[PDB]
Each structure stands twice: as structure tokens, then as C-alpha cells.
Amino acid sequence: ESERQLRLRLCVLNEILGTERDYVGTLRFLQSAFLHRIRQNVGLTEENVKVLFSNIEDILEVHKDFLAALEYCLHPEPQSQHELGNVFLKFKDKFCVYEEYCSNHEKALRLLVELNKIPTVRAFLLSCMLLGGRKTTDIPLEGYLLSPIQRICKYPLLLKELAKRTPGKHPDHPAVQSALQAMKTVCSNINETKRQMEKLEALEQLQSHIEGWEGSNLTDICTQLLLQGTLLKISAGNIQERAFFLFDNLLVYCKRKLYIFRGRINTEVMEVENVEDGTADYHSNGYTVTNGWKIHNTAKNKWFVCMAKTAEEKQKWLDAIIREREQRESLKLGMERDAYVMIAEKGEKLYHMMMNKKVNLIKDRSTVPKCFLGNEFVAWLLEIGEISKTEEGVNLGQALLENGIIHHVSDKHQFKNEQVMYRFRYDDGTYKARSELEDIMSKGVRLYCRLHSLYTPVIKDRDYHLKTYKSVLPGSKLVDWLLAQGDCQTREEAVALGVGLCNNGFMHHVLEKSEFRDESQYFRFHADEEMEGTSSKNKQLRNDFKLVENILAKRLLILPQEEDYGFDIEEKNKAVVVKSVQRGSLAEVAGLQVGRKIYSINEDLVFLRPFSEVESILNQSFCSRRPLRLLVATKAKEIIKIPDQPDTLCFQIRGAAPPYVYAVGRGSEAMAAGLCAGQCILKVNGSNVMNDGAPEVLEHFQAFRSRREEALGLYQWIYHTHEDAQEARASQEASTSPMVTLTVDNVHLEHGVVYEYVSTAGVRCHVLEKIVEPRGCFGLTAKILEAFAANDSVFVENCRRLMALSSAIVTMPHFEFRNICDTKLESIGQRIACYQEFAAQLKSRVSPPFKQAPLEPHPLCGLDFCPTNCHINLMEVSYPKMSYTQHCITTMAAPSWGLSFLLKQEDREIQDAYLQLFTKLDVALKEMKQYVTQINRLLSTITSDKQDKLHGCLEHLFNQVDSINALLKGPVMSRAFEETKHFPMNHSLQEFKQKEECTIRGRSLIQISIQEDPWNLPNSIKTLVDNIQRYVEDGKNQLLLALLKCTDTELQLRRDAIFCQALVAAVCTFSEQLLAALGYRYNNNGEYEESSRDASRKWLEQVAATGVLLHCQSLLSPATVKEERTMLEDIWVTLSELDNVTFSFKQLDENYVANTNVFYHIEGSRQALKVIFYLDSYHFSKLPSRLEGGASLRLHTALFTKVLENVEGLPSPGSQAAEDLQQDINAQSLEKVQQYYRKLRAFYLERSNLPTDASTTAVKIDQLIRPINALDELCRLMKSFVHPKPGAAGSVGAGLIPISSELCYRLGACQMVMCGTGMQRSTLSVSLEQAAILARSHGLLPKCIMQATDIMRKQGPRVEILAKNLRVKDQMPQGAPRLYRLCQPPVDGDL
């Protein structure tokens, strides 16, 4: 190895020289810049210069002499004959100059920290570096003060390295070893170098324990180790047990036999991604991960996966990784920030010192506007005294160019001293504040709403010059109130808000003449002006939000065919109507009828448009193959006339009271007569049948009288639900002119009001609010009931099997426990029979198409699982600045029979723990079965590289086994064994705890197999795994038996009902919101001009990444109404349980079911329930790839609850507890929204980093700051609503509702609204939320916000909930804030 040692010594000699050149370079530029440039112009004092830099000077001379003395030996270049030792030995005494420096260094750092707290001094100190020629963003002065103390400590290491290479024959050898004793003793006598030496000693020590090392030494690229340990490197090829060392810029991994090098990664070219427990992969080499994360070398494009034994070690590793990332990134962003701002502060100062006539350099000179010459600027910098050397000036002028303060006029040149023409980026207007102007709408709406939500209002009637003004706010009281709520820190900021509100037409002074001031002047929102009727007469009170037309409509869905959708349109009586429906078309199958008026085409209100433009909308939808969504005029009762054929029917009927159309044949005379599925038959040839069976209806028809059940006729049948289409298909698989007049009731009708308004863009807009009966509700309630019956069939079947393994009854406590268990199994049996019946009831019911609030209490029935008064409030909007959006807010009565009082919440939390523990233990054994298969696969492919891979796999198997032992050992299983203590089993609690001795023996036998006979390894694995499977099943069995015993079957029946009502409403809400989004119609972000396609795609990808948030305006009066309190105490516990629900999606076509994009299905136990939203090919293909691949979408819930009236009088001790319970609900909901907001923020940070043109990332970041600044405001507000500070309490009113509405709207939640009836309080919140959505997102002119809010609560489609529930007593809120009351009509006349 002679040539190696030869070239290696030359490399040490080069490293000494090369690193000293740049280090003395460092000392030279710092001396030049700091001392001389600080004295030219001035805040730093003479003594402060002395303390900072002067001990550099005394070092610097010794180091220049040392550099010369080294460069003299190493002439003309470093050569193998050279000596240096004597040059150290002579300098050894000269290096004792460090004794003063080190004694002062602590004082110099301690000065620098304080001088960096003073903005001017920090900027002056960075300026020194900038003019010198050093990029400020690359090295800190904070580092430079240490850099001398580092390099004296390096000299011992430098000698040690030269000594590693040089042979004993070389004459420098004895000098170098003497010089090592010297440079060591030098650094050892001084505390500061001793510290730097011991911290380097650790790095060299570790490197000395590592063999095989590649790349640069640890001392030279890292300051400290951060973390050390063994992990499983899962990698391409196969798994590798390894040691991992993390150091401050470098991760290095080694084979563990002291250690042997394998490879290293710079923490810059690293990237990290987390993976969830139970995840497995394709396009990555792994298996069922738990306790892992993924690493990406961005330089080599290499993924690999770490795994740790425990979660605690996963967390220790990801936390150290995150910290190292944040420390490096925070220095870099802190230096870039600090540096940019001083360049700005100087740039602006010097700009406004150049714009005065004392200087005037910025002149016009093709003609070039507002320019200057670089020579003159540098000269002027020397003349004013800002520089000492012209070189500094070209450094500053190039820095102001590269930082964007200036540029060249011709698009050619950098900055030069050279009479070249330049210009400041001020001149073309590159700076502005307009982000404070777009947010003034949102702030305005949020403000108006909070003020009018006050129970003791601050906007009110007040007299001026002894004459009443009606709805006025003193400008100074507005300021006092903006401040008291924390919206603005200063009165000045509140005045700036006030001025911009007045400019954007929110409010005015009581005379035209004044701006907003902090004076006693009176101010009034135009939204009151329009409602109290207080315009001057010559403006006619133009109602710029008005009603257009009330609609009653059936929603159809049509998939495109070979030439069209299956129909034509015509203009008739100045309306668009259905001209002709093609026989046997998918439109006929939807139930489109000839002569019907059409209210919307893909949510565009086509009745408002010219006929030639509507044909173009149909065509554009068809050309883009969109699934068509109509609204068509349909009456609540209808007359249909059927040809009575002699041989066969063409339709099916069933249902008792009322009878209903179960099915109809495609292309039939019945279908062409307009018979359609779900129609509930009232009369036949005049004869009433509304309480008469399907046979009585069928008996009118000649074919039925002839053939009875055989009367069906070999048509392709179409059906009322997918449930009916399934039971028909299954029935098929198990087997392989005279007239009649029907008067029918059309179920599933949407009642709508088209509002018109003029937008803030000055253009006309329409809103289609609809109250919709959720078509799926009865079918979905049956499917959830079926799923609970299926789960309970699996539960009863397991627990009966276990009681059949316990053959003996040895003691009376065994008999008592068995009798309890037998009874509870029979009870769950009775529950299974009930839910199958109730599902058959619900499948056998079609009217009323929503649960009315029950007129009377009664014993339990199938409708008690459907949500009471469940209706979806759609709100479609037509083009602002052609845009379409479709907000969804479901309304229901709060679900009803509370649970939070009935449950010892401990029982629920134990039952969660048991059902999750059982689900986990079952998954962990399911992986363990696949693991033994993957090892047998590897062994077949094999029959030291193979040994490393195999050892990694076998270790990972034992890790999985530990990922079971930690579940079986736990306190949850121990408590289960204490509950099941009467039941006979093969193991006691003491046994399994002691059976870690069985896994220690098994591991030792596997290791013995690896050492003595590698072909006995499968037998050893099988033995270990079979023993563990017996323990896992014995755990599963104990947990189902503990569950059977601790389940209260009566409460569970209730819970299921509340859950079923809630989940149905939730799933219906999300169904509608999902179908809006998958239709390119959801948009929480219409404020920011955003195209609804993009907003929808962003929400879909967001929901895939984050979960669905369901937000409930709980809107119950628990302090006052005992019924509503029981509904609150139920829904709170229930939404906590709905958090465990996972949505998921699958493609499934029909063309055998009318009008249903979605067919739900349900899988999984109560805990971890899964809803499969079966979607059509079109909507499924608009899912994100995460959800298309079958992955689970998690539901998060929040529930915000404020009384819409005041509480009058002092609360009783019970009412105080109701308010406290209300406050707890709001607290838990605030934490859960904040988490969803954090997970959205994190998701947006990742999204902004996605590999794209850097200009688009910068624009995205500037965009995303506005939503986030508004959201952070809404969070501050929510915290002050939910946790009011001492003495601010009561001052906030019901504002929690419009504000938590705004929050969960902004986040993109599915929105739900509830009250004891679902038919009055709910109208007041939905009407406000919709009016606020219009005002904050679609630019409804702010003067109209209350007008829409009251018109909606008077004339909107919601009054139809009262005209469908006339028998239900409800109370319009008398104690409500002016935002929630109806406004009385104006008293002064002139309407």
C-alpha cells in the first residue's frame, strides 16, 4: 500500500493548506469589513468594536506568519519530501495569543447575542459582511466568532492526520509527534479550546470505532451526534438489521459487528414520510409495517423504510429527525429573513436618500425612465460614507440587484460600477397591501354577524338631536367593541377597519358627509338600512336580494347514450319543458315525463335562460359525457292512465299502507304512461286505496285477475331502490283500448326557492335553495340495521361457540354467569330478529319519505332508526364573475328515543378498548400468517448477502410477535380476564404473563436453528407461531366473552338507534357533499376567485388526505327544554362514536335503479364500521387515487351548541350543569376542529412543496396565507367563545353559531344543523348560514345580508317543513338576537 500512504500524506498537506487559505481568508475579510467599515459611518461604540473583533487582529498576524511559514515549506505545491513540524514548534509559543481571546470569547458571544436583538445594530453588523464580499445567507458571524477557536483545535487533529500517513523514515516524523504533544497541550491548557477539542474528540472517537469509512471525516461536517441505535432497514433486495447514527448534517448506517461502514446520507438530500400501523405496499419492497417511516434520498432517487421495535423508538427517531430538520432550516430561514430585511431597510433608506433633490440620481435619461448610473451610486455610497472601498460598492449594488431591490434597464447586465443604467423595483409598483382589502368582506360579515348575535345589542335605536335613529352604532363604541373582542390591538387598527368597511359599502355615517372616525358620530350598516326602510325616498328601496319563483321538483339522473341522453326539450308558455322522452331510454328509466317544466340542468337554472342557450347547455354536458342532473316540475299528487293489457302486467306493486310502485319494466306502456318506481298509490279508477293492500290495487287490472302472481311479463325490470334490484337479481339466480287510471303521490320531492340578487361585481346572480328529502334514508337505515344484524350474527355465533366449549357447570357462580350470558345471547338474538324485521319494514316503506316527528310515543319500530325530519338544504349558486357551486347543509331533528348521563363513560371507554383490542389482535395474527408465507417464499428463492437479508426478515417476524405480546400483556386484557373469571379456559392470567418465557425459548431455538441447521428453521417458526396463534385466539375469546358480559343490551339498542339516525344524516350529508364535489361543485374557497373544478378537486384530495369533518350546529336549548337536553346528551356521545366510522368507495353500475348515483353498503362491527359508497363509473373516476385503491376515509366530527334565545332569570343548580355540559361539548369540538385544521395546514404545506415550477409554489404560498390568516382568526374567536377570559363572559351572545359555521365551512366540513323539531330553530341558522355564504363567498352585496337572512326565514322553501309537520308544536324564538328573529315590517310607511 505504498502509493496510498504517499498520496494520502499529500492529501493531508493539501487539506492543511486549502483550509488555512480559506480560514486566513476569513480572518482577512472580517478584519477588513468590521473594523474599517464600522468607523466610516454610524450605532456601535469604540469599546464594543474592541470587545467584538480586536482579538482577531492579534491572532490574525500570528496566522498570516504561520500561513507564510507553511506555504514556504509546501512550495510550489505540496510534495512528499516536505517538512512542517519545526513550523508548528516555533509557532507553538505564538499560539498562546489565544489565551486572551478565549478569556474574552464568552463576553464577545454574549455581546453579539444582545447586539443582534437591536434591529439597527444587527442590520449594521450584517451589512459589514455584505460589503466585505461575504454572502450573509451562507455563514453567520455567530459561527465566525467560534471559527478561530475551532481552527486552533483543528491543528491537533491536522497533526494527528499527517502522523497517520508519514513513515518513521521521514525526518518530520519525530518533530510531528513532538508537535502533536505541543498542539494538544496548547489546546488543553485553555478552557474554550478544551471544550471544542473534547466535542471533536467524541466525533473522532466514534470514527475510530468505525472501520471501512467513506467520504469526509465527522469532525469536518458535523458538530455532534444526535442519536444512535439499531433499526431494521427494509430495502429493495431484502431487510437488513443495522445500526443508524444521526449527526447534525449526516445520517450514517453500518453493519454492526464497534461497527463497519455501509453507507451515509446528508440530511439535506434526505426526505421523510410517515406510514400508518397495518399499512403494506407496492412500488415499495415491504410488508405489514407497524412502528415504521419512509426515507427518500432525493439525489439517488432511493426510497427505504426504517422500522423500530416499539412505537416509543419510532417517536424518538422521528422527533430527532424533525428537530435536526427544524434546527438547520430555522438557521437558514432566519439568516435569509434577517439578511433580506436589512437589505430592505438600507434599500429603502438609501432610496429615500436618493429621491431627495439633494441627490436626485433617479432621473429619466429609446428614452429610459426613472433610472440611475451604477458608478454614481457607488461614488455616492463613498460620499455619504456608507463604504470605504469601490469593491464594497459593487458588492452592495450586486446584492441589491440579486435581492430584487434594483435591476438593469435593457434586460442584459449584472451590477458593475460602469456607467450602466439601472432602476429600483419600487418604480414598476412591485409592493402592495391589497390582502387587507379582500379580507375586509370576510371580517365585515363576521363582524356584522357577531354584533347582531348579541342578546343585549350594541347596534340599536339611538336618538341624535332629540330625534330617533333606528339601528345605529357610535363609531367610538364600534372601536371599543372591536378591541374588547381582540379583533384589533389598537384603536388605530379599528379605525382603519372602519374606513375600509365604509369604502366597501358595509356601513355609513348617519349623514353622507363623514368618514369613519373614533368620534361620537352615528354609524349604520346598510343591512339595517334596507330592513328598517331608512333610504331617502328618491332611491325607491330597490330590493337587491329578491325572490324569483317557488319550485316543486323531482331530481333525475341520466347517463349519456350512443347519440344523446335519451330526450329532447322545447319552449312552451315561456318555459323550457320536456318535448319527447325516448322509449326505453335511461331518461325514461329515470322517470322523465313529456310536458314537464325543467328547473335546472346540472344545477344551472335553465328556466331563466333563452331556449337556444339551454340546448347549448345540454349539448355541452353531453359533449363532455357528464352524467346529467335535472330538476323537473313534479306535483305532490298526480294522475296516470295505463292500458289494461289482457295477457301480462308490465309493473310490480307492494307495500301495505300505502301501497307503492315497487318496480316498472323498461320501455313498457306503464312507463310511457308515467308509472315510475316509489310512487305511493292513492286511488284506482277513483276508488280510494290509501289503506288497502297491493292485491286490492292489482285486482283492478285484467291480467292480475286472470293470472295472480304469474301476471309479470319478461320485461327488463327497473326498481325503486338498489335493494329491490338486488333481491330481484338474487331471486332470478335462485331460479336458474281499455284503460285504468291511477292517482299517485310522488315521494322524494325537492321544494326550492330561486332567489335573485345583484353581486358586488355588479352582475346578476341566482341562488337555488332546496329542501330535499334524503332519498337513501330508509334504504340506508335498513342497510345499517342489516349490518348490525350481520355483526351481531357473527358475535352471537362466536359467543355461543365459546359457551359450547365450556361444557361443564362446576359451581353456582358458573351457573349464574352462564345464565347471564345465555340470557344476553338470547337478547342479542331478539335484537338480530328485530333488525331483520325492521329492515324488511323499511324496505317495505316508501311514504312518508322522511320520519315526521312522532305524534305519540310507541314501542320500537323500523322508522325509529331513520333520522327525524331529516332534510338536506342544498344551495346552488349561479355565476359570480360560468361559475356553479353547491353547498350542502343537512337539517335533522336532534336524534331521539340521555346517553352521556346513562353511560358511566368508563363503560363506553372500556367497550371501545375491548372492541379495538379484539380488532387489533385479529389484524396482528392476520399479518403473522402472511409473514410465515413471506419467509417460505424467500427460502424457496434461496434454495452472507442471503444471510443478511434472511436475518433481517426473521428479526422482523420477531418484531411482529412483540407487536402481539404488547397487546396480550396489557391492562385491557387483564381487566377482561377479571370479568370472564368464571369461564373455563386452557390458560389463567398468570400463565400468559409467564409465557413470555415461551417466546424467549422460541427465539433461542430459531437462533440455534440459524447456527446449527438452517433447514429446521420453518419447523421452529411453525412451532412459535402455532403457540402464539393459540394465545391470540385465547385473547379474542376472552374479549368477546368480556364484551358479552359488559354490554348493556337495552342501552345498546338505544345507542344503535341514535347512531343510526345520526349516521344516516351524516352519510346523507356527506353523500350530497361528495356528489357535489365529484360533480365539480363544492367550494369552501369561492372568496379567492377559485374555479369550482379546482376547489372540488382540492377538497376531494384534502378529504382523501385528512378525513371528512362533519360539523354540527347542535342548536339545542339544554338549559331550558328537557326533551332537547336528552337529544343533546345522546348526539354528543354518538358523534364521538361516529368518529370511528370509515367511508370507502367502490365502482358499481346499475341501469336497473332510477335516480341514484350512490348506493350505500355497510361492513364491519359497530366500532370500526365501514360505509362503502358505491358510485357510478363517472363519479368513481373523479375520486382521488387513494380512495379509488379501496383505502378507508376517516370521519371526524365536531358539535357546536349555543342557545338561540337568551336564558331569562338566574339558572337553577341543574340548569348550571346543563350549561356546563354545553360548554364541555363545545370544548371537545373545538379541539377536534383545531386538529382537523392542523392536519389541513400540514397537508397544504406538503401540497405547496409538490414538484412544480417554483413561481407556482411562490404564488400558492402567497395565496394560502389568506385562507390561513382568516382560519387562525376564526380559531382565536372560537377559543374566546368556548373559553371566555374572566370578566369577558356573557358578552359574546350566540355568535358561536355564525362563527363556528364560518370555520367549519372554510375548512370544507360536511355541515349539519339540528334542534328538537328540525323545523324552526334550524330554519334560523340555515337561513343565516346560507345568507352569510352568499355574502362571504359569492359577493351578495353586504346591504342584502340581513334581507336574504329574513327572506329565507319567511319565503324560502323551508316553510314546507312546517306544511309537512302541521301537527307538531314548535316555538319561534322570542328571546333571540336580531340576526335570528324575523324583522317586523317598517313602521314609517312608504311600501
# chains A, B, ... in the order shown; residues from 1 in each chain; ligands from 1
call {"tool": "select_by_dssp", "arguments": {"residues": "stretch 392-469 of chain A", "states": "strand (DSSP E or B)", "output": "ChimeraX atom specification"}}
result
/A:406-408,421-424,460-463,468-469
call {"tool": "write_last_selection", "arguments": {"atoms": "N, CA, C and O atoms", "output": "short mmCIF file (atom, residue, chain, number, x, y, z; two decimals), in the first residue's frame"}}
result
data_model
loop_
_atom_site.label_atom_id
_atom_site.label_comp_id
_atom_site.auth_asym_id
_atom_site.auth_seq_id
_atom_site.Cartn_x
_atom_site.Cartn_y
_atom_site.Cartn_z
N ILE A 406 -33.14 46.36 -6.93
CA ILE A 406 -32.89 47.00 -8.24
C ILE A 406 -32.94 45.99 -9.40
O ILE A 406 -33.18 44.81 -9.19
N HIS A 407 -32.73 46.48 -10.62
CA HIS A 407 -32.50 45.71 -11.86
C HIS A 407 -31.86 46.59 -12.95
O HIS A 407 -31.78 47.81 -12.81
N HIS A 408 -31.41 45.97 -14.04
CA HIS A 408 -30.91 46.65 -15.25
C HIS A 408 -32.05 47.10 -16.19
O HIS A 408 -33.08 46.43 -16.27
N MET A 421 -26.92 51.77 -16.83
CA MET A 421 -28.19 52.29 -16.33
C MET A 421 -29.01 51.22 -15.57
O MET A 421 -29.23 50.11 -16.07
N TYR A 422 -29.54 51.56 -14.40
CA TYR A 422 -30.30 50.67 -13.51
C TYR A 422 -31.54 51.37 -12.95
O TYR A 422 -31.67 52.59 -13.07
N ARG A 423 -32.41 50.59 -12.28
CA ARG A 423 -33.69 51.13 -11.75
C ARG A 423 -34.19 50.31 -10.55
O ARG A 423 -34.01 49.08 -10.59
N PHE A 424 -34.77 50.95 -9.53
CA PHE A 424 -35.35 50.30 -8.33
C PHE A 424 -36.69 49.64 -8.65
O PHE A 424 -37.52 50.23 -9.35
N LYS A 460 -78.17 49.56 17.85
CA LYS A 460 -79.54 49.75 18.39
C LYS A 460 -80.17 51.06 17.96
O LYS A 460 -79.51 51.88 17.33
N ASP A 461 -81.43 51.30 18.30
CA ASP A 461 -82.02 52.63 18.18
C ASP A 461 -81.36 53.60 19.17
O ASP A 461 -81.25 53.31 20.36
N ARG A 462 -80.96 54.78 18.66
CA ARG A 462 -80.35 55.85 19.49
C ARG A 462 -80.79 57.20 18.90
O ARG A 462 -80.78 57.32 17.67
N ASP A 463 -81.12 58.19 19.74
CA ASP A 463 -81.61 59.49 19.29
C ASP A 463 -80.44 60.47 19.07
O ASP A 463 -79.58 60.58 19.93
N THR A 468 -85.12 60.10 16.93
CA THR A 468 -84.65 58.71 16.90
C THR A 468 -84.03 58.31 15.58
O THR A 468 -84.64 58.48 14.53
N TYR A 469 -82.85 57.66 15.69
CA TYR A 469 -82.24 56.95 14.54
C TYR A 469 -82.51 55.50 14.97
O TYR A 469 -82.50 55.28 16.18
#
call {"tool": "closest_atom_pairs", "arguments": {"of": "stretch 819-877 of chain A", "to": "stretch 1076-1096 of chain A", "cutoff": "12 Å", "atoms": "only C-alpha atoms", "output": "CSV"}}
result
residue,atom,partner,partner_atom,distance
A:874,CA,A:1076,CA,9.8
A:875,CA,A:1076,CA,10.7
A:876,CA,A:1081,CA,8.7
A:877,CA,A:1081,CA,9.7
call {"tool": "select_by_dssp", "arguments": {"residues": "stretch 1196-1376 of chain A", "states": "alpha helix (DSSP H)", "output": "ChimeraX atom specification"}}
result
/A:1213-1248,1254-1282,1296-1307,1321-1337,1345-1355,1359-1362
call {"tool": "closest_residue", "arguments": {"among": "A:1201, A:959, A:736, A:456", "to": "residue A:1376", "atoms": "only C-alpha atoms"}}
result
A:456
call {"tool": "residues_around", "arguments": {"residues": "residue A:443", "least_positions_apart": "5", "cutoff": "10 Å", "atoms": "only C-alpha atoms", "output": "ChimeraX atom specification"}}
result
/A:436-438,448-449,487,497,501,1270,1273-1274,1336
call {"tool": "write_last_selection", "arguments": {"atoms": "C-alpha atoms", "output": "short mmCIF file (atom, residue, chain, number, x, y, z; two decimals), in the first residue's frame"}}
result
data_model
loop_
_atom_site.label_atom_id
_atom_site.label_comp_id
_atom_site.auth_asym_id
_atom_site.auth_seq_id
_atom_site.Cartn_x
_atom_site.Cartn_y
_atom_site.Cartn_z
CA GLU A 436 -56.14 43.69 3.87
CA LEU A 437 -58.87 44.72 1.32
CA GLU A 438 -60.11 41.23 0.21
CA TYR A 448 -71.97 42.21 11.44
CA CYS A 449 -72.93 38.70 12.48
CA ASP A 487 -60.11 41.79 16.61
CA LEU A 497 -61.04 48.70 9.52
CA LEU A 501 -65.87 48.96 5.79
CA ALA A 1270 -58.72 34.00 8.26
CA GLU A 1273 -58.62 34.42 13.28
CA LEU A 1274 -61.70 32.15 13.41
CA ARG A 1336 -68.76 35.99 2.16
#
call {"tool": "residues_around", "arguments": {"residues": "stretch 677-683 of chain A", "least_positions_apart": "2", "cutoff": "6 Å", "atoms": "only C-alpha atoms", "output": "VMD selection string"}}
result
chain A and resid 659 to 663 686 to 690 719 to 720 742 to 746
call {"tool": "write_last_selection", "arguments": {"atoms": "C-alpha atoms", "output": "PDB file, in the first residue's frame"}}
result
ATOM      1  CA  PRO A 659     -99.249   0.564  -1.449  1.00  0.00           C
ATOM      2  CA  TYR A 660     -96.408   1.720  -3.737  1.00  0.00           C
ATOM      3  CA  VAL A 661     -94.823   1.011  -7.161  1.00  0.00           C
ATOM      4  CA  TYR A 662     -92.012  -1.465  -6.354  1.00  0.00           C
ATOM      5  CA  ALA A 663     -90.767  -1.778  -9.945  1.00  0.00           C
ATOM      6  CA  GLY A 686    -111.445   6.862  -8.450  1.00  0.00           C
ATOM      7  CA  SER A 687    -111.502   4.074  -5.807  1.00  0.00           C
ATOM      8  CA  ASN A 688    -109.503   5.037  -2.716  1.00  0.00           C
ATOM      9  CA  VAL A 689    -106.741   2.533  -1.827  1.00  0.00           C
ATOM     10  CA  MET A 690    -104.575   4.566   0.617  1.00  0.00           C
ATOM     11  CA  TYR A 719     -86.560  -0.585  -9.429  1.00  0.00           C
ATOM     12  CA  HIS A 720     -87.307   1.843  -6.581  1.00  0.00           C
ATOM     13  CA  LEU A 742    -104.042   5.756 -11.083  1.00  0.00           C
ATOM     14  CA  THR A 743    -103.952   8.735  -8.703  1.00  0.00           C
ATOM     15  CA  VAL A 744    -100.492   8.563  -7.082  1.00  0.00           C
ATOM     16  CA  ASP A 745     -98.426  10.505  -4.558  1.00  0.00           C
ATOM     17  CA  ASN A 746     -94.914  11.452  -5.726  1.00  0.00           C
TER      18      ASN A 746
END
call {"tool": "closest_residue", "arguments": {"among": "A:811, A:791, A:267, A:390", "to": "residue A:1166", "atoms": "only C-alpha atoms"}}
result
A:791
call {"tool": "residues_around", "arguments": {"residues": "stretch 359-368 of chain A", "least_positions_apart": "4", "cutoff": "12 Å", "atoms": "only C-alpha atoms", "output": "ChimeraX atom specification"}}
result
/A:350-355,372-381,383-384,406,408-410,420-424,426-427
call {"tool": "closest_residue", "arguments": {"among": "A:1114, A:1120, A:290, A:1252", "to": "residue A:964", "atoms": "only C-alpha atoms"}}
result
A:290
call {"tool": "residues_around", "arguments": {"residues": "residue A:118", "least_positions_apart": "5", "cutoff": "12 Å", "atoms": "only C-alpha atoms", "output": "MDAnalysis selection string"}}
result
chainID A and resid 43:44 111:113 123:125 338
call {"tool": "residues_around", "arguments": {"residues": "residue A:313", "least_positions_apart": "2", "cutoff": "12 Å", "atoms": "only C-alpha atoms", "output": "VMD selection string"}}
result
chain A and resid 227 to 232 290 to 293 306 to 311 315 to 320
call {"tool": "closest_residue", "arguments": {"among": "A:1140, A:998, A:446, A:778", "to": "residue A:1023", "atoms": "only C-alpha atoms"}}
result
A:998
call {"tool": "atom_distance", "arguments": {"atom1": "atom CA of residue A:1053", "atom2": "atom CA of residue A:906"}}
result
18.6 Å
call {"tool": "closest_residue", "arguments": {"among": "A:199, A:831, A:105, A:887", "to": "residue A:225", "atoms": "only C-alpha atoms"}}
result
A:199
